[PDB]
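Note that the numbering runs from 1 along the sequence shown for the chain.
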Amino acid sequence: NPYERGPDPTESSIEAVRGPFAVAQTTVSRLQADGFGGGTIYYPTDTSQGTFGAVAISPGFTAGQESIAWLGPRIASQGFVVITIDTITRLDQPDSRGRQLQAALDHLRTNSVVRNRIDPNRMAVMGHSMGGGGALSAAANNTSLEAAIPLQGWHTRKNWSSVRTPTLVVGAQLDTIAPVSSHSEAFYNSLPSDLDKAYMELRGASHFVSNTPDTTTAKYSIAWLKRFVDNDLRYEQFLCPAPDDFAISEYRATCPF
């Protein structure tokens, strides 16, 4: 597999705050950002292993980039170019956030800092709440996307039968903003039954579990991005079968991937 990066993983390595890749950052001003509100790109400096997959991450309604910023370097340091975006306005709705997540990825293709660092054919989307809805919208609008991860996603659209991108739906058990029964679990249920997909509910978690560092969220996002952005079979072990993880309330997966 040409896309494998970094040494073989262990529980300790995917749980780490910082992975085996030293990371740098560059900022995209709102003036430099076409179709999104700007953001921060995190990327590995080690280019000896080749180019990396790219990941765009959106915050939710009324939220700034800081609400999801911790994911940027934590994921990038596992071997990805990660842009944490601001939206054009903080009031933008899920469908617009999905446009902006795609525009942020496109910006990566011509960004002078990272355009040599990215494999433009291997891209993924993530978001929190309405940003997680944007991630689903972005995958539904672009079947070439390698992975999508809605974190406590919120969306008026509940049917996602058009998605062809491997999607990890991360619910929070005690979510009252975006209750898992009317959002996350509904999304997972409408994804195609043939799709490589997984639903993971975080035990006792509030809607805001992913606005502050959470090891369970990070470890399975990293395992998902590895498995599907990099086609990295070494990371299937953390997904299939279900992990005996007390942090997880419910788990569904179309294993084996």
Between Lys226 and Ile14, is any pair of side-chain heavy atoms under 4.5 Å apart?
no

So does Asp244 have more than 12 non-hydrogen atoms from other groups sitting under 6.0 Å from CG?
no

Roughly how far, to the nearest 0.5 Å, is OG1 of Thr51 from CD1 of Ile118?
9.0 Å

Take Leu71 and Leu151 through the side-chain contact (heavy atoms from CB on, under 4.5 Å) test and state the conclusion after the steps.
CA-CA 12 Å; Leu71 287 161; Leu151 307 170; 3.8 Å; yes

Are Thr87 and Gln93 close enough that some pair of their side-chain heavy atoms sits under 4.5 Å apart?
no

Would you compute the distance between atom NE2 of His207 and atom CG of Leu202 and round it to the nearest 0.5 angstrom?
12.5 Å

With no hydrogens and no angle check, just 3.5 Å: does a side-chain donor-acceptor pair link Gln100 and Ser58?
no

Any donor and acceptor pair, going by atom type alone, linking the side chain of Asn1 with main-chain N or O of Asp230 inside 3.5 Å?
yes

Look only at the side chain of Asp92 and the backbone of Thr89, and say whether a donor-acceptor pair between them is shorter than 3.5 Å.
yes

Between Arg203 (side chain only) and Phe246 (backbone N and O only), is there a donor and an acceptor less than 3.5 Å apart?
yes

Between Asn111 (side chain only) and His107 (backbone N and O only), is there a donor and an acceptor less than 3.5 Å apart?
no

Any side-chain heavy atom of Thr62 within less than 4.5 Å of one from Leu91?
yes

Kindly confirm or rule out a cation-pi arrangement of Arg117 over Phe52, judged by NZ or CZ under 6.0 Å from the six-membered ring centre and within 45° of its axis?
no

Is there a donor-acceptor pair closer than 3.5 Å between any side-chain N or O of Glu146 and the backbone N or O of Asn231?
no

Counting N and O atoms only, with roles assigned by atom type, does the side chain of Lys197 sit under 3.5 Å from a partner on the main chain of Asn189, one being a donor and the other an acceptor?
no

From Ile57 CD1 over to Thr40 OG1, what is the distance, rounded to the nearest 0.5 angstrom?
11.0 Å

Looking at every non-hydrogen atom in both residues, tell me the closest pair between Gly64 and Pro59 and how far apart they are.
O-CB, 3.4 Å

From CD (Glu236) to CH2 (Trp224), nearest 0.5 Å:
9.0 Å

Are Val163 and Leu101 linked, directly or through intermediate hydrophobic residues, by side-chain heavy-atom contacts shorter than 4.5 Å (ILVMFWY only)?
no

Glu15 and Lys219 ion-paired at < 4.0 Å:
yes

Could you check whether any side-chain N or O of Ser249 sits under 3.5 Å from a backbone N or O of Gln173, counting only pairs where one atom can act as donor and the other as acceptor?
no

Does any N or O in the side chain of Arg5 come within less than 3.5 Å of the main-chain N or O of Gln49, such that one atom is a donor and the other an acceptor?
yes

Atom pair CZ (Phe208) and CG (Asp175), whose distance is rounded to the nearest 0.5 Å
8.0 Å

With rounding to the nearest 0.5 angstrom, report the CG to CD distance, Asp232 to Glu4.
4.5 Å

Taking all non-hydrogen atoms of both residues, which atom of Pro150 and which atom of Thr167 are closest, and how far apart?
CD-CG2, 3.7 Å

Take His128 and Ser67, measure what side-chain contact (heavy atoms from CB on, under 4.5 Å) needs, and give me the verdict at the end.
CA-CA 9 Å; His128 178 232; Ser67 59; 5.6 Å; no

So, do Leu191 and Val169 sit near enough that their side-chain heavy atoms are less than 4.5 Å apart?
yes

Going by the angle between their ring planes, with limits at 30° and 60°, are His183 and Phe187 parallel, tilted or perpendicular?
perpendicular

Under 6.0 Å from the ring centre and within 45 degrees of the ring axis: does the NZ or CZ of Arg227 meet both conditions for the six-membered ring of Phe257?
no

I'd like to know if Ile83 and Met123 are part of one continuous hydrophobic network [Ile/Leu/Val/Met/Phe/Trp/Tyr, side-chain heavy atoms within less than 4.5 Å].
yes

Tell me, do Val81 and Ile41 make a side-chain contact under 4.5 Å, heavy atoms counted?
yes

Give the minimum heavy-atom separation between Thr165 and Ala139, together with the two atoms involved.
CB-CB, 4.0 Å

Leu168 reachable from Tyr199 in the ILVMFWY side-chain graph, under 4.5 Å edges:
no

Heavy-atom nearest pair, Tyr42 first then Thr84, reads CE1-OG1, 3.7 Å

For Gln102 and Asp106, which I'm curious about, is there any donor-acceptor pair between the side chains at under 3.5 Å?
yes

Using a 6.0 Å cut-off, check whether atom CZ of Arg252 has over 12 heavy atoms from anything other than its own residue.
yes

For the rings on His155 and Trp160, is their centre-to-centre separation under 6.0 Å?
yes

Find out whether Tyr220 and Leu239 are in side-chain contact, i.e. whether some heavy atom of one side chain is under 4.5 Å from a heavy atom of the other.
yes

If I compare all heavy atoms of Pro73 with all of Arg18, which pair ends up nearest, and what's the gap?
CG-NH2, 3.3 Å

Verify same cluster id: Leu225, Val82 (apolar side-chain graph, 4.5 Å)
yes

Verify the neighbour count for atom CZ of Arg99: are there more than 12 heavy atoms of other residues, nucleotides or ligands below 6.0 Å?
no

When you compare the side chains of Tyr251 and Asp245, does any donor N or O come within less than 3.5 Å of an acceptor on the partner?
no

Indicate, with yes or no, if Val55 and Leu105 share a hydrophobic cluster defined by side-chain heavy-atom contacts under 4.5 Å among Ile, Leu, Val, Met, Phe, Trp and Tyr.
no

For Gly38, does its backbone N or O pair with a side-chain atom of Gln32 as donor and acceptor, under 3.5 Å?
no

Under 3.5 Å, is there a donor-acceptor pair between the side chain of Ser129 and the main chain of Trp154?
no

State, with a plain yes or no, whether a side-chain heavy atom of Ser210 is found less than 4.5 Å away from one of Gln152.
yes

Scanning both residues in full, the closest heavy-atom pair of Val125 with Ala135 reads CG2-O, 3.5 Å

With a 4.5 Å limit on heavy-atom distance, are the side chains of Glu201 and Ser184 in contact?
no

